[PDB]
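Undergrad: The structure's right below; bear with me while I get my questions together.
Because the Cβ atoms are built from the backbone with ideal geometry, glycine has one as well, and the counts that use them run over all protein chains shown. The values are calculated or read from the model by the stated rules, or taken from the named source; no laboratory instrument gave them.
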Amino acid sequence: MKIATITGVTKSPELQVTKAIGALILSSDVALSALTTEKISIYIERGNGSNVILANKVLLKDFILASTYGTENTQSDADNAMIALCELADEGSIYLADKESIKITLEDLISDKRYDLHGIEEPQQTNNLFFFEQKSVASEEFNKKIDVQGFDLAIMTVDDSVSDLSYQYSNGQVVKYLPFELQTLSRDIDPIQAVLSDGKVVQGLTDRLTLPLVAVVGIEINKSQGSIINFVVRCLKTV
Amino acid sequence: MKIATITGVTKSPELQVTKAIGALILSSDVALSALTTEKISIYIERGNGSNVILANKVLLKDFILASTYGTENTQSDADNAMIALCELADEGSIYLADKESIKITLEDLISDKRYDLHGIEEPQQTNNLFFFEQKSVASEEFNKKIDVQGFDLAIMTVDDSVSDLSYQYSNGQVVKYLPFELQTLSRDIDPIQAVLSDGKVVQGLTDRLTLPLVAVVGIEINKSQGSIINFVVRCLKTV
Amino acid sequence: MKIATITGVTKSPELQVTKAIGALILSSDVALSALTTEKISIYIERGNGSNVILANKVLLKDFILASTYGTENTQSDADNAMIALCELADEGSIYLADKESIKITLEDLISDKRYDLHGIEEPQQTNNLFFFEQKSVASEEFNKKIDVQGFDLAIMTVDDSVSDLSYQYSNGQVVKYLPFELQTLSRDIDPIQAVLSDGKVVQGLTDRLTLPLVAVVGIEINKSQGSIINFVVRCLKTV
């Protein structure tokens with residue numbers, strides 16, 4: 001089913017979905033590499049209780065990259081320059097209880113552009129849902145250490161200030177990587193990240209990197225001063 | 001083994017294969033998008049009794065698309081502008097008993113083109129075979145119900161007349177889809193449908209769609225008048 | 001880590017590595033299809049008796065094609081025209097004793113080109129290693145029988161002399177293939193071999209063919225007199 005179409009306005013109205021959906025289809029006439037500052041926000045709402053936030057003002061590029069990693073990729077068409085499918089549950093649709101609903105909104109859009117939302121539902125229902133979190137490394141700090149235990153994917157900001165980045169595995173060993181080594185290891189799993197409308201393919205973006213965290217419990221980033229570095233991590237948990 | 005090459009004539013001779021093959025290789029100098037009305041027919045002939053008909057004048061585009069859905073995709077070459085591999089048995093080659101042979105024929109060709117057939121045989125022999133059937137919706141009917149129980153793949157003619165298409169699953173639920181959602185869910189599994197000779201990739205034909213039917217027992221199509229819609233389905237069964 | 005960068009000279013000095021690496025990253029400003037005569041050689045000196053030779057002056061095209069067969073492919077970037085990740089161990093890192101080391105060398109380079117080596121280490125340590133071997137068929141031999149039991153992948157040099165090629169499986173069955181049939185079967189499993197910098201893809205080189213050997217015990221090669229045919233095979237074994 002179709003949810004909304006946005007054109008002219010820089011902010012979307014708070015969109016309510018009452019039917020239990022399982023995936024979101026984002027369509028736009030701006031290519032995946034052209035996205036700059038559009039943000040999305042999704043949460044489940046209880047009528048008498050507390051809301052369950054899944055994504056809170058997440059960059060659209062990071063949201064798209066955290067869901068289309070693997071065999072899939074963002075595709076296109078003659079009319080739509082970017083079509084991306086993002087799964088919101090594990091293997092079924094969100095099981096809505098007596099009074100829950102879903103609320104989606106889009107922020108910081110471009111006036112002269114078009115955005116389309118669609119919802120996908122399937123006969124199965126499930127309780128496991130995907131949650132998005134964000135982590136930051138300051139612009140004035142040299143060495144930082146973050147915990148990524150329990151997360152299964154990360155999108156990091158590619159910046160020329162990064163020099164070293166070391167994983168820590170569940171068995172205690174620490175391995176140090178460079179940006180080039182990380183990019184090659186990332187493209188070893190998913191070679192193609194998008195297919196353009198005319199026919200060419202793009203292997204990955206020039207400023208975002210995807211890291212699959214498997215049996216990894218810690219990350220240490222070693223850089224120089226100058227800029228902030230952002231990680232977007234994703235997890236699966238029961239609501 | 002090479003079966004035949006066809007040029008000049010609009011109709012092919014009835015081609016007999018006595019060696020047990022397991023797959024066909026179809027090659028031609030016209031691109032996958034340029035195939036217009038070529039038809040293929042395959043059947044196993046028994047000495048005493050009734051023949052086994054696998055494909056009965058099936059369109060060449062649908063025959064190619066029904067077999068190259070998944071990891072594989074139709075390839076290209078400096079000499080051949082279209083190469084496809086179509087499997088006829090599940091994991092081996094057809095078991096020919098004392099008085100059987102396979103016969104293949106091609107109909108409705110073009111005079112100034114070329115079509116080549118090749119056979120592939122395997123060390124294993126099997127009894128399960130692939131059958132291709134055809135269902136159709138006339139150009140005057142509005143709403144149609146089609147039984148697709150037991151099938152594992154379908155190919156639909158993409159037309160602007162089609163508005164809505166609904167599945168019925170094994171557990172009784174009914175889900176409704178738009179052509180755009182169907183196309184997106186289709187490309188989510190197999191993103192690339194063919195690779196051209198110059199290097200560009202094509203994710204899907206502009207007039208055909210491939211649908212993987214998993215636990216689907218019925219389809220309801222809702223359209224407007226103007227054209228005929230065709231479904232080509234494929235099943236696996238023991239002979 | 002950065003092992004070496006070679007440019008301006010036609011040979012590289014013997015490079016020593018004392019850390020336990022698991023993979024190599026070969027990057028260069030020449031395309032995969034433009035590699036002509038570069039050769040690589042890797043060997044580990046054990047402190048205990050008997051050294052290990054994993055590659056004995058193997059061609060770089062064959063080395064790159066033998067390790068990037070499957071889900072991955074050789075990629076590119078804005079700076080480097082070819083990047084390939086080649087594994088030397090099964091799933092861990094080559095285990096070295098107190099003072100053992102790995103010596104790598106490159107031969108028959110081009111003066112006006114650039115080549116970069118990188119090493120990848122990973123937390124697990126393993127003893128299973130990948131060995132590359134060279135086999136040949138002379139120019140005065142109508143047919144030759146090659147035993148490939150225990151091998152899992154081969155790369156053959158394409159020339160017009162070959163007429164057919166026969167596989168012998170564990171069952172005892174023999175199947176005869178043609179060069180075109182072999183190419184189609186190979187591209188069925190692996191559709192894309194490399195991605196170019198501009199965006200176009202290449203499904204395979206025009207002079208090298210890659211064959212996956214599964215449950216294959218023997219090979220027959222038939223030809224007409226006049227040419228020498230080269231194979232490069234890979235095996236996995238415990239040392």
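Undergrad: Test B:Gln168 against the criterion of being within 19 Å of the chain's Cα centre (by Cα), among the polar types (S, T, N, Q), buried (at least 17 other Cβ atoms within 10 Å of the Cβ) and farther than 30 Å from B:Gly47 by Cβ, and give yes or no.
TA: Details: within 19 Å of the chain's Cα centre (by Cα): no; among the polar types (S, T, N, Q): yes; buried (at least 17 other Cβ atoms within 10 Å of the Cβ): yes; farther than 30 Å from B:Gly47 by Cβ: yes.
The answer is no for B:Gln168.
Undergrad: While we're here: Every residue in the stretch A:116-137 that is of a type in the set (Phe, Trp, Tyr) and farther than 30 Å from A:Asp77 by Cβ, please.
TA: Here is the first cut: in the stretch A:116-137, the ones of a type in the set (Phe, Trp, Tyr) are A:130-132.
If the condition is that a residue be of a type in the set (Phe, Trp, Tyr) and farther than 30 Å from A:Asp77 by Cβ, then A:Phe131 is the only one that fits.
Undergrad: Now for a separate question. Just need a number here: residues in the stretch C:60-77 that are part of a helix (DSSP H, G or I) and of a type outside the set (A, V, I, L, M, F, W, C). Steps first, please.
TA: Step one: filter the stretch C:60-77 for residues part of a helix (DSSP H, G or I), giving C:60-67.
The next check asks that each one be of a type outside the set (A, V, I, L, M, F, W, C); those that pass are C:61-62, C:67.
Final tally of qualifying residues: 3.
Undergrad: Name the one entry in A:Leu85, A:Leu153 that is facing another protein chain (nearest Cβ under 9 Å) and crowded, with 18+ Cβ neighbours inside 10 Å.
TA: A:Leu85
Undergrad: Right, here's the next one. Say whether the condition of being exposed (fewer than 15 other Cβ atoms within 10 Å of the Cβ) and within 13 Å of chain C (Cβ to nearest Cβ) is met by at least one residue in the stretch A:201-213. Step through it out loud before you land on a result.
TA: Start the filter on the stretch A:201-213 by keeping residues that are exposed (fewer than 15 other Cβ atoms within 10 Å of the Cβ), which leaves A:206-207, A:212.
So of that shortlist, the ones also within 13 Å of chain C (Cβ to nearest Cβ) come out as A:206-207.
Yes, the stretch A:201-213 has at least one match.
Undergrad: Please tell me if C:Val175 is of a type outside the set (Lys, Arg), in the same structural domain as C:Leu205 (by TED's automatic domain parsing) and in contact with a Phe, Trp or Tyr (Cβ under 6 Å, 6 or more places away or on another chain).
TA: On the way: of a type outside the set (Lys, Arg): yes; in the same structural domain as C:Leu205 (by TED's automatic domain parsing): yes; in contact with a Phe, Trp or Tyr (Cβ under 6 Å, 6 or more places away or on another chain): yes.
Against the criterion (of a type outside the set (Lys, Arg), in the same structural domain as C:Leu205 (by TED's automatic domain parsing) and in contact with a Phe, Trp or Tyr (Cβ under 6 Å, 6 or more places away or on another chain)), C:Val175 qualifies.
Undergrad: Restricting the stretch B:39-59 to residues that are in contact with a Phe, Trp or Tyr (Cβ under 7 Å, 6 or more places away or on another chain) and part of a strand (DSSP E or B), which is nearest to B:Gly22 (Cα to Cα)? Show your work before the answer.
TA: Taking the stretch B:39-59 first, the residues in contact with a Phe, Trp or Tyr (Cβ under 7 Å, 6 or more places away or on another chain) are B:40, B:51-55, B:58.
Right, trim to part of a strand (DSSP E or B) and you get B:40, B:52-55, B:58.
Working: B:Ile40: 17, B:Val52: 16, B:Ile53: 16, B:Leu54: 13, B:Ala55: 15, B:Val58: 19 Å.
Of everything passing the filter in the stretch B:39-59, B:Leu54 is nearest to B:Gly22 (Cα to Cα).
Undergrad: Of the numbered conditions (1) facing chain B (nearest Cβ under 9 Å); (2) surrounded by 19 or more Cβ atoms within 10 Å (Cβ to Cβ), C:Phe180 satisfies every one except a single condition; which is it?
TA: (2)
Undergrad: Okay, next question. Could you give me the residue pairs with C-beta distances under 9 Å whose first residue belongs to the stretch A:97-108 and is assigned to a strand (DSSP E or B), whose second residue is of a type in the set (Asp, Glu) wherever it lies, and which are 6+ apart or on separate chains?
TA: Cβ pairs passing all conditions: A:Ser101/A:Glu45; A:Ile102/A:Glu45; A:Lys103/A:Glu14; A:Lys103/A:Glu45; A:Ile104/A:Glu14; A:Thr105/A:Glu14; A:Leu106/A:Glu38; A:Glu107/A:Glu38.
Undergrad: Can you tell me which residues in the stretch A:92-122 are closer than 19 Å to B:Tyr177 by Cβ and surrounded by fewer than 17 Cβ atoms within 10 Å (Cβ to Cβ)? Give the steps one after another, and end with the answer.
TA: From the stretch A:92-122, those closer than 19 Å to B:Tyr177 by Cβ are A:92-94, A:116-122; that's our starting set.
Selection gives A:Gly92 alone.
Undergrad: Something else now. Somewhere in the stretch A:96-105, is a residue within 20 Å of A:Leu35 (Cβ to Cβ), assigned by TED's automatic domain parsing to the domain that holds A:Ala66 and among the charged types (D, E, K, R)?
TA: Taking every residue of the stretch A:96-105 in turn, none turns out to be within 20 Å of A:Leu35 (Cβ to Cβ), assigned by TED's automatic domain parsing to the domain that holds A:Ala66 and among the charged types (D, E, K, R).
Undergrad: Those residues that are away from every other protein chain (no Cβ under 14 Å), among the charged types (D, E, K, R) and assigned to a strand (DSSP E or B), I need them from the stretch C:110-119; list them, please. Please lay out each step first, then the result.
TA: Taking the stretch C:110-119 as the starting set, the residues that turn out to be away from every other protein chain (no Cβ under 14 Å) are C:110-115.
Keeping just the survivors that are among the charged types (D, E, K, R) gives C:112-114.
Within the stretch C:110-119, just C:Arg114 meets the criteria.
A quick yes/no check of all residues on (1) touching a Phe, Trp or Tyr at 6+ places or on another chain (Cβ under 7 Å); (2) away from every other protein chain (no Cβ under 14 Å); (3) not hydroxyl-bearing (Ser, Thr, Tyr):
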{"site": "B:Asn80", "(1), (2), (3)": "no, no, yes"}
{"site": "B:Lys103", "(1), (2), (3)": "yes, yes, yes"}
{"site": "B:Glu121", "(1), (2), (3)": "no, no, yes"}
{"site": "B:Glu141", "(1), (2), (3)": "no, yes, yes"}
{"site": "B:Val162", "(1), (2), (3)": "no, yes, yes"}
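Residues are listed down the side, and each one gets a yes or a no for (1) within 19 Å of C:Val233 (Cα to Cα); (2) among the aromatic types (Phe, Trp, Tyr):
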residue	(1), (2)
C:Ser50	no, no
C:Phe63	yes, yes
C:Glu100	no, no
C:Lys135	yes, no
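Undergrad: Kindly indicate which of B:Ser166, B:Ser186, B:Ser93, B:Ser139 is out of contact with any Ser or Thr (no Cβ under 6 Å at 6 or more places or on another chain), outside the structural domain of B:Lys19 (by TED's automatic domain parsing) and polar (S, T, N, Q).
TA: Values: B:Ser186 fails: out of contact with any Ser or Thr (no Cβ under 6 Å at 6 or more places or on another chain); B:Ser93 fails: outside the structural domain of B:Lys19 (by TED's automatic domain parsing); B:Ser139 fails: out of contact with any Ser or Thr (no Cβ under 6 Å at 6 or more places or on another chain).
It is B:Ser166.
Undergrad: Moving on. Exactly one condition in (1) facing chain B (nearest Cβ under 9 Å); (2) in contact with a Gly (Cβ under 9 Å, 6 or more places away or on another chain) is not met by C:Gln173; state its number.
TA: (2)
Undergrad: Go through the stretch C:49-78 and give me each residue that's under 18 Å from C:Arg208 (Cα atoms), free of Cβ contacts under 8 Å to residues at least 60 places away in the same chain and more than 14 Å from chain A (Cβ to nearest Cβ).
TA: Within the stretch C:49-78, C:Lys57, C:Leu60 qualify.
Undergrad: In addition: Take B:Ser186 and decide whether it is surrounded by fewer than 18 Cβ atoms within 10 Å (Cβ to Cβ) and either within 14 Å of chain C (Cβ to nearest Cβ) or farther than 30 Å from C:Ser166 by Cβ (or both). Show your work before the answer.
TA: Working: surrounded by fewer than 18 Cβ atoms within 10 Å (Cβ to Cβ): no; either within 14 Å of chain C (Cβ to nearest Cβ) or farther than 30 Å from C:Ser166 by Cβ (or both): yes.
When the stated conditions are applied, B:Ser186 does not pass them.
Undergrad: With respect to A:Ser136, is the statement that it is of a type in the set (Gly, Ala, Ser), surrounded by fewer than 17 Cβ atoms within 10 Å (Cβ to Cβ), touching a strand residue (DSSP E or B) at 6+ places or on another chain (Cβ under 9 Å) and away from chain C (no Cβ under 12 Å) true?
TA: Numbers: of a type in the set (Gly, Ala, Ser): yes; surrounded by fewer than 17 Cβ atoms within 10 Å (Cβ to Cβ): yes; touching a strand residue (DSSP E or B) at 6+ places or on another chain (Cβ under 9 Å): yes; away from chain C (no Cβ under 12 Å): yes.
In short, yes.
Undergrad: Out of everything in the stretch B:123-132 that is surrounded by 15 or more Cβ atoms within 10 Å (Cβ to Cβ) and assigned to a strand (DSSP E or B), what residue ends up being farthest from the other protein chains (Cβ to nearest Cβ)?
TA: B:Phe131
One line per residue, one yes/no per condition, for (1) more than 20 Å from B:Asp188 (Cα to Cα); (2) touching a residue at least 40 places away in the same chain (Cβ under 8 Å):
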position	(1), (2)
A:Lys135	yes, yes
A:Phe142	yes, yes
A:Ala154	yes, yes
A:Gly172	yes, no
A:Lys176	yes, no
A:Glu181	yes, no
A:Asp190	no, yes
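Undergrad: Out of all the residues in the stretch B:2-30, which are loosely packed, with under 15 Cβ neighbours inside 10 Å and within 14 Å of chain C (Cβ to nearest Cβ)?
TA: Listed by number, the residues that qualify are B:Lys2, B:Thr5, B:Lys19.
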